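Engineer: Whatever this is, show me its structure:
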Amino acid sequence: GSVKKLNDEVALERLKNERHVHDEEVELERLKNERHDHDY
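Structural biologist: Numbers count the residues shown, from 1 in each chain. Structure as follows:
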């Protein structure tokens, strides 16, 4: 009611965590690209 909802803060944090993980996944892709070194 007056306090409405406070769990909304946690929800936002969870969304940020998901994005953070994705960012690392893209960066790690660089290592996989190294395979091109052996391909050439």
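Engineer: name the helices or strands packed onto the longest helix seen in the chain?
Structural biologist: Longest helix in the chain by number of residues (criterion: DSSP state H): helix 8-33. Helices and strands touching helix 8-33, by 3 or more CB pairs under 8 Å, 6 or more residues apart in numbering; DSSP states H and E: there are none. From N, CA and C alone the C-beta is placed, and that goes for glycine too.
Engineer: what's the next secondary structure element after it?
Structural biologist: helix 35-39 (DSSP states H and E).
Engineer: okay, that next one in CSV with CA atoms only?
Structural biologist: Output of helix 35-39 as CSV, limited to C-alpha atoms (Å, rounded to 0.1, in the frame of the first residue of the first chain):
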residue,chain,number,x,y,z
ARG,A,35,41.3,-20.6,-33.8
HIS,A,36,41.7,-18.5,-37.0
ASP,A,37,45.4,-18.4,-36.2
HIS,A,38,45.7,-22.1,-36.8
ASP,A,39,43.3,-22.0,-39.7
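Engineer: Which residues belonging to that helix are considered buried?
Structural biologist: Within helix 35-39, no residue is scored as buried using 16 or more other CB atoms under 10 Å.
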